[PDB]
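Have a look below at one chain only, the form deposited in one PDB entry, in structure tokens format.
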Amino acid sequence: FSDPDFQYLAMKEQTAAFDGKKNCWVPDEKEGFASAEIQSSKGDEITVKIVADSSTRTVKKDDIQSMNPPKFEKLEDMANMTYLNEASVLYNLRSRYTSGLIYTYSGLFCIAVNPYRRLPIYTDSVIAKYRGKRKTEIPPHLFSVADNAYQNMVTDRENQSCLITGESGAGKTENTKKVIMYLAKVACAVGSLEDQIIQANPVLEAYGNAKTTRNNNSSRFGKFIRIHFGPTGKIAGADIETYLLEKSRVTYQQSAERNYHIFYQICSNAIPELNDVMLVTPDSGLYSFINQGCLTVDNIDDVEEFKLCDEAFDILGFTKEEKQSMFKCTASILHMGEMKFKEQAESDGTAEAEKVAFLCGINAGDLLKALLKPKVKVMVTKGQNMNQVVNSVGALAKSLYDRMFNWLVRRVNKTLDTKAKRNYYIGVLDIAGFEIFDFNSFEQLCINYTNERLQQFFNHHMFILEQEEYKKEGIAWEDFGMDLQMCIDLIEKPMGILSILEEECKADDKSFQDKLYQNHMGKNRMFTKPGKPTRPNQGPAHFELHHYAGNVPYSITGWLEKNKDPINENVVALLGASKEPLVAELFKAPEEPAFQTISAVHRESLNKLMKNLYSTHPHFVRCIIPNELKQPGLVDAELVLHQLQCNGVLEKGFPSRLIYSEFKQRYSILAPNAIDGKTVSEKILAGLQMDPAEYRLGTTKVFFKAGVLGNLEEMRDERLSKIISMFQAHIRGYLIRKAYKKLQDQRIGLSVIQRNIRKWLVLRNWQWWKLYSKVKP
């Protein structure tokens, strides 16, 4: 079973000479970590020679990093490594990436560093070559993984979940798909409910996604598709619950960025019959609500895809009517983004504004009347002015694009809902991630709140793989990130932001800002005031805070409204009852007339999310953004690493595993009494007087609480200054004695000298000596 279609899926040298402690990794500035062969020592400073650059430099011995040998290179599973450290992880992958593999594993973590070009890895042939294959045989592929989740759903009999994450333009969204696309090729009988589900993308991706400075296809909603099954076979059904679409986009497009794909694909002229159904001139160009930034996405065809959208939309079992009834609503925004004014009245060209009427089925004139400055209930009316009016128009634009998106999805769930016997499900999540920008307020907070919650489920499953060597290495040990829930809580707990933006909401900005600081502020480790870390192109905030990714400075400006939408009641009421089904439905009076602030639903939506995740045997996938250039094959060290910093490698509160073989060359100095004997330390341990719940001696390794292994370094430090200065004092004494004899002799000699002399100076003052000398002729 090898090498037919394995060209970019899964020998060479064994040997070119590697040495042992002579070779290692060194911090480069361009390549992150560059390879080197050492030359000499001098304390902290270490002289080492760069391998294939060939020129030497100074280096602290604590930046130097261990490196693995050859037959251990371009490794399938990094868990099976000697040096799973920074400069090693960043290597292996690079080696594999640059070599046509994108997928790799590290413990129970998936690694696909995004290849910006298309790839043959997806052929049914391959798919076939996969299902039923145990993990350790076939080279690394999302397939292998996607498979074993069912391999596992059946036999173990429970739901599994598959969380696919990484940064933006990483590949989350692009695999989530490839995934349902796989599961698909295992069911058929003897355009297909299978082929119907596959289409649910082009729909939601059309309306939902958008081109971002980063990635031309960035999502804007949290997705979590569930895929159930029958007691036996292929699927029984599936469903979709989305999370927090960007409402903002609809009206504003950050420069060099655009609005949702559909909008632009609506003016491409694929089916001109509709130009007239749309009352729209097919030029993307000078419409407003959708062109603040690029209007063209290169290597992305608006007609072809749109057609594909229409085409798909049908297989969804959407009537010709339902089909149209969407485009329609969608076009109406293009137009309202137009309704001029001049005043509290001036509706310049009530000629376009004329137009929204035919589309919703509400006389436009009735509508421009009833809410240019028209009224509300208690009903009364009061002068709507030239600006909110403008800022009340988008109130309507967005306040719908959401009700519409909502509907669309809610409707897809309807045709994907066969009610056959359902037993288990493979839930796939394709959600956001943590983001820190030069400005982060509210929208940009929940992405974070939702993730924090996602970290609990993360290490929830680590404490667990952790007790997987409390079994492996015979030891029973008896918070470790107990402030994390002190963040979770800080935010979601009852006397918190949420419990308030919801509660304290005579509401203006500081009425709201005051409670916050006064209550769990001033005094919390996490919830603290701001300062300047110099965010660069960076700007304005009011509060700071810590997340398992670091901190991020927030603002609170106009949120009590930000958590809501000002659909001017009667505009609504008027829209409420109109003739266009979708429209009329999208604005129905309640169960009955005579609720929502964005979180009541999200906290609700989210809570629900979690609940189910814990009802599943998760599987983690990790998406790495090779580089900033959208170019395949390129590697941007400084970025890759940034990413590895918070997912599967160091920077949370657990025991510091350590092999004896190391504990020796390490702290052996804190207890100098021994003679091998792997027990060379049990002694150092006691030979220190340590309170030991604080540690556990497993077999080939040792586990300490936090700051334990920390103090050892702090002691080992202060311990060797002494031990050196001691041996220095020794040398010093050996000197003062190497010469004492010498000294004492002289002490004599001098006594001779300043004695005879002190007399040869009396002899010449003795009356008689003079006289004698007076005469020796």
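The numbering used is simple: start at 1 and walk along the sequence shown. Under this definition, the rigid core comprises the largest set of C-alpha atoms superposing within 1.5 Å between the forms.
Only in words, not in the display: the form deposited in another entry, which the text now covers.
No residue in 254, 423, 325, 519 other than 519 shows a CA shift of 2 angstroms or more between this form and the one not shown after fitting the rigid core. When two forms of a protein are overlaid on their rigid core, residues whose CA moves 2 Å or more are considered shifted, and residue 178 is not one of them between this form and the one not shown. When two forms of a protein are overlaid on their rigid core, residues whose CA moves 2 Å or more are considered shifted, and residue 493 is one of them between this form and the one not shown.
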